[PDB]
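**Student:** Contents are mmCIF, C-alpha atoms; chains and numbers go by the auth columns; file name input-v3.cif:
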data_input
#
loop_
_atom_site.group_PDB
_atom_site.id
_atom_site.type_symbol
_atom_site.label_atom_id
_atom_site.label_comp_id
_atom_site.label_asym_id
_atom_site.label_seq_id
_atom_site.Cartn_x
_atom_site.Cartn_y
_atom_site.Cartn_z
_atom_site.B_iso_or_equiv
_atom_site.auth_seq_id
_atom_site.auth_asym_id
ATOM 1 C CA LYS A 1 11.016 -5.620 40.366 0.00 267 A
ATOM 2 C CA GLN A 2 8.273 -8.217 39.872 0.00 268 A
ATOM 3 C CA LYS A 3 5.864 -5.395 39.023 0.00 269 A
ATOM 4 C CA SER A 4 8.316 -4.019 36.464 0.00 270 A
ATOM 5 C CA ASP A 5 8.893 -7.439 34.881 0.00 271 A
ATOM 6 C CA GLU A 6 5.185 -8.254 34.610 0.00 272 A
ATOM 7 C CA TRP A 7 4.508 -4.769 33.248 0.00 273 A
ATOM 8 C CA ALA A 8 7.167 -5.279 30.573 0.00 274 A
ATOM 9 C CA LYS A 9 5.533 -8.607 29.708 0.00 275 A
ATOM 10 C CA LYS A 10 2.191 -6.842 29.282 0.00 276 A
ATOM 11 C CA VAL A 11 3.824 -4.070 27.242 0.00 277 A
ATOM 12 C CA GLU A 12 5.388 -6.557 24.837 0.00 278 A
ATOM 13 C CA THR A 13 2.137 -8.497 24.444 0.00 279 A
ATOM 14 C CA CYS A 14 0.145 -5.317 23.788 0.00 280 A
ATOM 15 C CA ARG A 15 2.707 -4.068 21.272 0.00 281 A
ATOM 16 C CA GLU A 16 2.583 -7.393 19.439 0.00 282 A
ATOM 17 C CA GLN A 17 -1.218 -7.431 19.283 0.00 283 A
ATOM 18 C CA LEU A 18 -1.572 -3.783 18.243 0.00 284 A
ATOM 19 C CA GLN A 19 1.072 -4.072 15.526 0.00 285 A
ATOM 20 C CA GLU A 20 -0.534 -7.275 14.234 0.00 286 A
ATOM 21 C CA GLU A 21 -4.022 -5.785 14.020 0.00 287 A
ATOM 22 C CA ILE A 22 -2.832 -2.515 12.479 0.00 288 A
ATOM 23 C CA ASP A 23 -0.818 -4.429 9.875 0.00 289 A
ATOM 24 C CA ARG A 24 -3.963 -6.422 9.086 0.00 290 A
ATOM 25 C CA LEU A 25 -5.806 -3.122 8.645 0.00 291 A
ATOM 26 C CA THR A 26 -3.048 -1.840 6.352 0.00 292 A
ATOM 27 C CA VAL A 27 -3.262 -5.025 4.274 0.00 293 A
ATOM 28 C CA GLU A 28 -7.026 -4.617 3.911 0.00 294 A
ATOM 29 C CA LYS A 29 -6.596 -0.910 3.096 0.00 295 A
ATOM 30 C CA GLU A 30 -7.012 0.930 -0.231 0.00 296 A
ATOM 31 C CA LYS A 31 -9.146 -1.483 -2.298 0.00 297 A
ATOM 32 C CA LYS A 32 -12.346 0.416 -1.576 0.00 298 A
ATOM 33 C CA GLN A 33 -11.037 3.872 -2.446 0.00 299 A
ATOM 34 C CA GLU A 34 -9.221 2.566 -5.523 0.00 300 A
ATOM 35 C CA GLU A 35 -12.465 1.181 -6.943 0.00 301 A
ATOM 36 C CA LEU A 36 -14.321 4.248 -5.640 0.00 302 A
ATOM 37 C CA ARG A 37 -12.040 6.637 -7.541 0.00 303 A
ATOM 38 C CA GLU A 38 -12.247 4.463 -10.660 0.00 304 A
ATOM 39 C CA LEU A 39 -16.036 4.674 -10.546 0.00 305 A
ATOM 40 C CA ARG A 40 -15.837 8.426 -9.910 0.00 306 A
ATOM 41 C CA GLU A 41 -13.751 9.205 -13.008 0.00 307 A
ATOM 42 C CA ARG A 42 -15.993 6.891 -15.041 0.00 308 A
ATOM 43 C CA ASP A 43 -19.118 8.743 -13.905 0.00 309 A
ATOM 44 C CA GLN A 44 -17.487 12.149 -14.420 0.00 310 A
ATOM 45 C CA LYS A 45 -16.609 11.211 -18.000 0.00 311 A
ATOM 46 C CA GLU A 46 -20.219 10.109 -18.484 0.00 312 A
ATOM 47 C CA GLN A 47 -21.446 13.508 -17.286 0.00 313 A
ATOM 48 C CA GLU A 48 -19.006 15.323 -19.572 0.00 314 A
ATOM 49 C CA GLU A 49 -20.209 13.308 -22.572 0.00 315 A
ATOM 50 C CA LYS A 50 -23.858 13.975 -21.724 0.00 316 A
ATOM 51 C CA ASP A 51 -23.219 17.707 -21.312 0.00 317 A
ATOM 52 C CA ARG A 52 -21.424 17.865 -24.661 0.00 318 A
ATOM 53 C CA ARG A 53 -24.322 16.050 -26.340 0.00 319 A
ATOM 54 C CA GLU B 1 5.532 5.463 30.576 0.00 339 B
ATOM 55 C CA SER B 2 6.920 3.808 27.447 0.00 340 B
ATOM 56 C CA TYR B 3 4.080 1.275 27.345 0.00 341 B
ATOM 57 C CA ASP B 4 1.345 3.880 27.694 0.00 342 B
ATOM 58 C CA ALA B 5 2.950 6.265 25.199 0.00 343 B
ATOM 59 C CA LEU B 6 3.513 3.706 22.459 0.00 344 B
ATOM 60 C CA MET B 7 0.157 2.006 23.088 0.00 345 B
ATOM 61 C CA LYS B 8 -1.588 5.349 22.660 0.00 346 B
ATOM 62 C CA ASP B 9 0.401 6.014 19.482 0.00 347 B
ATOM 63 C CA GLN B 10 -0.602 2.580 18.188 0.00 348 B
ATOM 64 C CA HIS B 11 -4.207 3.427 19.055 0.00 349 B
ATOM 65 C CA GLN B 12 -4.167 6.677 17.082 0.00 350 B
ATOM 66 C CA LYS B 13 -2.506 5.138 14.030 0.00 351 B
ATOM 67 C CA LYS B 14 -4.802 2.094 14.157 0.00 352 B
ATOM 68 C CA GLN B 15 -7.719 4.530 14.213 0.00 353 B
ATOM 69 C CA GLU B 16 -6.117 6.385 11.303 0.00 354 B
ATOM 70 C CA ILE B 17 -6.012 3.190 9.240 0.00 355 B
ATOM 71 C CA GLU B 18 -9.590 2.442 10.316 0.00 356 B
ATOM 72 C CA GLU B 19 -10.667 5.863 9.056 0.00 357 B
ATOM 73 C CA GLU B 20 -8.720 5.318 5.834 0.00 358 B
ATOM 74 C CA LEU B 21 -10.536 2.053 5.115 0.00 359 B
ATOM 75 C CA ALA B 22 -14.009 2.259 6.771 0.00 360 B
ATOM 76 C CA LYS B 23 -16.966 3.906 5.087 0.00 361 B
ATOM 77 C CA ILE B 24 -15.316 3.834 1.645 0.00 362 B
ATOM 78 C CA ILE B 25 -16.859 0.370 1.295 0.00 363 B
ATOM 79 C CA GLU B 26 -20.351 1.862 1.512 0.00 364 B
ATOM 80 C CA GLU B 27 -19.508 4.530 -1.071 0.00 365 B
ATOM 81 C CA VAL B 28 -18.093 1.866 -3.397 0.00 366 B
ATOM 82 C CA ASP B 29 -21.285 -0.184 -3.136 0.00 367 B
ATOM 83 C CA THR B 30 -23.461 2.906 -3.597 0.00 368 B
ATOM 84 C CA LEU B 31 -21.674 3.868 -6.806 0.00 369 B
ATOM 85 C CA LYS B 32 -21.793 0.219 -7.873 0.00 370 B
ATOM 86 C CA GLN B 33 -25.583 0.434 -7.766 0.00 371 B
ATOM 87 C CA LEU B 34 -25.359 3.903 -9.328 0.00 372 B
ATOM 88 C CA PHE B 35 -23.480 2.496 -12.323 0.00 373 B
ATOM 89 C CA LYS B 36 -25.988 -0.349 -12.447 0.00 374 B
ATOM 90 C CA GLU B 37 -28.790 2.197 -12.834 0.00 375 B
ATOM 91 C CA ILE B 38 -26.801 4.451 -15.185 0.00 376 B
ATOM 92 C CA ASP B 39 -25.957 1.502 -17.433 0.00 377 B
ATOM 93 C CA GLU B 40 -29.631 0.528 -17.389 0.00 378 B
ATOM 94 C CA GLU B 41 -30.557 4.060 -18.481 0.00 379 B
ATOM 95 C CA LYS B 42 -27.908 4.119 -21.215 0.00 380 B
ATOM 96 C CA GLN B 43 -28.956 0.687 -22.491 0.00 381 B
ATOM 97 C CA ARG B 44 -32.588 1.803 -22.615 0.00 382 B
ATOM 98 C CA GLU B 45 -31.714 5.028 -24.445 0.00 383 B
ATOM 99 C CA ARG B 46 -29.483 3.250 -26.971 0.00 384 B
ATOM 100 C CA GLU B 47 -32.133 0.583 -27.576 0.00 385 B
ATOM 101 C CA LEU B 48 -34.666 3.352 -28.211 0.00 386 B
#
Please rewrite the model in this file as structure tokens.
**Tutor:**
Amino acid sequence: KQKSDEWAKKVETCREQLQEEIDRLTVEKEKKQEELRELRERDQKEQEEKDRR
Amino acid sequence: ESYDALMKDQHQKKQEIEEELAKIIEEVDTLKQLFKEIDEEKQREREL
């Protein structure tokens, strides 16, 4: 029973830490690819203009 | 069993978020410099 209780303690602590870190990752997410896509359409439009010229 | 299962699931989805964010920073910086150079070229051509 002591083993089970301590294991549950560890499980709860690990769940807390993993959820916290993954939520931090989610918060940091998407800025890079948003700006990346913006730059990509900008460059593609540049290429289209140059080709038309 | 529950601890190991959900910890592994957390590991995979943490790694998924890591993949989603990661190298995109390097690509953003690379195209930042690329637009720097492209704007330099366009400025030079328009000045000419």
**Student:** Got a sec to resolve the PyMOL selection byres ((chain A) within 7 of (chain B)) on this structure and send the residues as a ChimeraX atom specification?
**Tutor:** /A:277,281,284,288,291-292,295-296,298-299,301-302,305
**Student:** Restricting it to C-alpha atoms, dump the selection as a PDB file, in the frame of the given file.
**Tutor:**
ATOM      1  CA  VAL A 277       3.824  -4.070  27.242  1.00  0.00           C
ATOM      2  CA  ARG A 281       2.707  -4.068  21.272  1.00  0.00           C
ATOM      3  CA  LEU A 284      -1.572  -3.783  18.243  1.00  0.00           C
ATOM      4  CA  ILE A 288      -2.832  -2.515  12.479  1.00  0.00           C
ATOM      5  CA  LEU A 291      -5.806  -3.122   8.645  1.00  0.00           C
ATOM      6  CA  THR A 292      -3.048  -1.840   6.352  1.00  0.00           C
ATOM      7  CA  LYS A 295      -6.596  -0.910   3.096  1.00  0.00           C
ATOM      8  CA  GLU A 296      -7.012   0.930  -0.231  1.00  0.00           C
ATOM      9  CA  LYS A 298     -12.346   0.416  -1.576  1.00  0.00           C
ATOM     10  CA  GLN A 299     -11.037   3.872  -2.446  1.00  0.00           C
ATOM     11  CA  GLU A 301     -12.465   1.181  -6.943  1.00  0.00           C
ATOM     12  CA  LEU A 302     -14.321   4.248  -5.640  1.00  0.00           C
ATOM     13  CA  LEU A 305     -16.036   4.674 -10.546  1.00  0.00           C
TER      14      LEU A 305
END
**Student:** Enter the distance from CA of residue 379 (chain B) to CA of residue 297 (chain A), in Å, rounded to one decimal.
**Tutor:**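 Between these atoms lies a distance of 27.4 Å.
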**Student:** Rounded to one decimal in Å, what is the spacing between CA of residue 386 (chain B) and CA of residue 304 (chain A)?
**Tutor:**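 CA of residue 304 (chain A) lies at a distance of 28.5 Å from CA of residue 386 (chain B).
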**Student:** Would you compute, for all listed atoms of region 348-365 of chain B, the axis-aligned bounding box grown by 6 Å on each side, and then report its centre and edge lengths in Å rounded to one decimal, as JSON?
**Tutor:**
{"center_x": -10.5, "center_y": 3.5, "center_z": 9.0, "size_x": 31.7, "size_y": 18.3, "size_z": 32.1}
**Student:** To one decimal in Å, tell me the separation between CA of residue 319 (chain A) and CA of residue 371 (chain B).
**Tutor:** 24.3 Å
